Amino acid sequence: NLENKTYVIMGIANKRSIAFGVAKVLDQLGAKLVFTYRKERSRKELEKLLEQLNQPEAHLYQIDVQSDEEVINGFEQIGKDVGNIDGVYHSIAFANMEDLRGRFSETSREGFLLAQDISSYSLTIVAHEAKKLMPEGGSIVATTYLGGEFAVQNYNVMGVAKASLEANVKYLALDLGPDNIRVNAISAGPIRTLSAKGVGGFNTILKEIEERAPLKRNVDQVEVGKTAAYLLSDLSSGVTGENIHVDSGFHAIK
Amino acid sequence: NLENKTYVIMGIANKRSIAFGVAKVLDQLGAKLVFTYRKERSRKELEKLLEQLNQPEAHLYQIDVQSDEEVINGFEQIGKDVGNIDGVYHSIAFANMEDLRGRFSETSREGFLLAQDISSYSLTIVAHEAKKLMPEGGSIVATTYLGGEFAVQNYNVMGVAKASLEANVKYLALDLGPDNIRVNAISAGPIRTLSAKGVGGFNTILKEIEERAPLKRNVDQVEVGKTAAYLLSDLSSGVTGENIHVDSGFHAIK
Amino acid sequence: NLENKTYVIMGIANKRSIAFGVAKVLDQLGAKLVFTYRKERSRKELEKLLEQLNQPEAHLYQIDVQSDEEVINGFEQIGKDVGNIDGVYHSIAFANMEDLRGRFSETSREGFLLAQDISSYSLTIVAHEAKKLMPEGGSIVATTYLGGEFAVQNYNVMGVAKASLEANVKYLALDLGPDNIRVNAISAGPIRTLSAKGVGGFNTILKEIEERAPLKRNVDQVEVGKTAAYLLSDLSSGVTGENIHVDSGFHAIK
Amino acid sequence: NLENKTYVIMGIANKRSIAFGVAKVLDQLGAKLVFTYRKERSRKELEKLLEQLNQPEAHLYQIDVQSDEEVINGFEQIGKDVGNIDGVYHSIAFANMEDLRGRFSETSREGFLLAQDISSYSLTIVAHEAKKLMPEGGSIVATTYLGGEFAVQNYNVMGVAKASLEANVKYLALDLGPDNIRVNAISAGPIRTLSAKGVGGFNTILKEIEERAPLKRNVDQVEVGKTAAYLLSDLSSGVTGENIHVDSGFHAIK
């Protein structure tokens, strides 16, 4: 039960976003949610989707995580509008198709670094600014994938950005631990989202989960949200620096 | 929210058992609990500890996991008495002191296999029998420690039994996944229990968590309990084959 | 260059055995070799295979690793016959077909412990006895499979026994390290051997390596033997408690 | 024996460099070596160092890996001067001292992207340019540290860059495996080098290996060079996507 709790959810674009699975769940557990977005199109989609939520106010902030000022100022504005928060859910990542859809060895410098910037470094600077609204401690959760841990066909530069994200979680864990800020990741299974369209062979990835994963079925966004609720709440008070695979068991097999 | 759920908890000896932290947690969440014990002295503690629970009936079964017949019969009687169950918490391990307290390379054959039998194999046969009471699916959780993944000073033969246990979890996950039974581990941080007195150096293991783990404190039985509730509930539906470290972040650092 | 080195190689059964690939390599590199076997039939193969090698003397010993007396007297005879040694290549596993070719949850207690005994515990007692003949230090290597790190269909009880072995290596590396005894594993890809016939679906496992492993081919016994030469020699002087995958890269992908 | 082999060694700074240990070993084994260096003002010192080797001529190229042009043009010149190569030892990394010595949460975007640039991305562009000189296959090795697998105090931004590097190696291995190019990492224990002065608490780190690693000693640059010889030669055919810890076993303990 997350009554009197407040969470910042970053990275909803539409109803299929993993972040929206998080939000339906936290919303049904009673949490007050605040939302961040990059594109105005996503804000419009948040205004719509909010009609399905209990949230009695829209708290929507534009934060492009590529800009120090937008992050610095977004979170500072949040602290002034709703006060102290209990956690962040980070569900942001990006890489160019042009790098994604070529040989990994052909990845461009700017594409590699763009993927690092949005997909990894964004969590560090969000943590630093969000720390400022958690004087009592809290919980930060980032969304990753099995491609950070193993080379997965066609995931390429985003795989290296995920490996980077996952180490980011650990180093943030050790750093903000003494402040009672826990930092963790959910390694979600593949899930048809707007961004899934960027991954070559994604239909064959889906199929292979069903055929080979222990539960012999794919996961959904609500399943990610149910584990986010665990990590973002007191239930997981002794868990930081961890990576939970919400993935039907597929991480455990070969 | 486990009203109308039933969980079999194996391995309570006294008030400081990890499994008793699992029990107070699931008891407060509204679960019906069934307890298994080995020694008569443990059943005596269980009858006492039940007075602190909300459980309106004592369901207590002697099950020494060295005995196929006792596991087989124990569980069949559980099903005759309370019907189908939603899960099992496994909190059972054993090795001889004489093996634990010598050089690992001096470990006896009989003591090595003893520690495999009670501390690993017992999971497999418990799953097999518990599966008969979970026709519609469920959740099995075992307790491990970090010495199953890395060589920890003085954990010796139990280290290899926990490596085995952790592989047992994954192979059980892949085998019983199709029946909608999930199987996971909790890697608990060090916690003062009756069995902790078996581990050479345990006070220095304690202190080292506090000074080096991200959270700079040790965990307790309730914290393991809260992660058990998550794992034993529908909040962790897409999660199987997993190993959650309830250990203040210690697994993540070096 | 391994002239004036002596290595004990355990577990050749015929020309296909992984250990005979190791032998050919160590033999081509100049090492003196001592062989142990279980079955009469394997001693006859050894006698025949020795004509293909450069060894001027045949040093063959019957050691059934289920017997402490055979391991203890085996290595002691070895000391009397050839003197101090530089290392041991261990290449021994067994599980019942009846357990392997059924569901893992259905594994018998005696089959599980049988598999631990031959396939894991054997390394501990071998290390203890070989250590007596390595007063200046040396190197011990064991043969593992990826299914000790992940659940692989049909590997079943042997996957739990390899998980046990792999931990065994790490605890022994720690225990014996001050004695300048290094202990490592090689995780070999699937290879056609007499024992590969016990694992259901082997050919499917072969094909999937060709299809999906980075090198898009299978490895062979000589490739394992060349990595053994590295681990058994001074080239690997800083390396212990390690698991080297000689599997065309299959361990790094998913 | 590496006669009629040619290797490019990137990252010799002085006689304490891990890349110079690599050079000594490979030089001793009869390889032709080519050296790359960052700044023209330290060509004269590198030339003096290499008088120690049995190289008949200096093959020295200035390549700063922050520039694609320098990498592209450097490897093209090497091809014209020397012909086809058999592999590359990558020993390059960099982070700001100013990001190294703060809270990891306080890392600047510029400093976090620079470390990724020099310490991870450089491997990718190097492999792409070196692959042009390895039409029949070959071997690429990069140097990482345990800090990329766990959070290590004071390693901060470099730890996340090594996590990146380590995934880089996995993705490169999958990409390039069909070309018969293998890509691996050596994870070196702590070694007193020019760059080690930049890590806070280095001697404490030394002392900890001495005290806690299985071998109870530190490793040296020549021990890295010997694992490098194995990884760069045919002894390691079948090994790719791998991370060999040359660290006295410290990685396997906790």
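Which chain is which? They are A, B, C and D, in the order written, and residues in each are numbered from 1.
We take it that a residue touches a chain if its C-beta (ideal position, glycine included) is under 8 Å from a C-beta of that chain, and two chains touch if they have at least 3 such contacts.
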(request) Match interface C-D to one of A-C, A-B or B-C, accepting only the pair for which over half of the contact pairs are the same residue numbers. (result) A-B
(message) Applying the document's contact definition, name the chain pair with more C-beta pairs in contact, A-B or B-D.
(response) A-B
(message) Taking the mean of the C-alpha atoms as each chain's centre, how many Å separate chain B from chain D?
(response) 44
(request) Would you mind pulling out the distance in Å between where the CA atoms of chain A average out and where those of chain B do? (result) 31
(request) Would you please write down the residue numbers of chain B that are in contact with two or more other chains? (result) 150-151, 153, 170, 173-174, 176, 214, 241, 251-253
(request) Specify the contact topology among the chains shown, as one of line, ring, star, complete or other. (result) complete
(message) How do the chains pair up in terms of touching? List each pair.
(response) A-B, A-C, A-D, B-C, B-D, C-D
(message) Under the stated contact criterion, what part of chain B meets chain D in this complex?
(response) 146-147, 149-153, 214, 251-254
(message) Applying the document's contact rule, which stretches of chain D touch chain C when the two form their complex?
(response) 170, 173-174, 176-178, 180, 182, 189, 213-216, 219-220, 223-224, 226-227, 229-230, 234-242, 244-249, 251-253
(request) Using the touch definition up top, name the residues of chain A that touch chain D in the complex. (result) 68, 103-107, 109, 112-113, 116-117, 120-121, 124-125, 127-128, 131, 148, 150-151, 153, 156, 159-164, 166-168, 170-176, 241
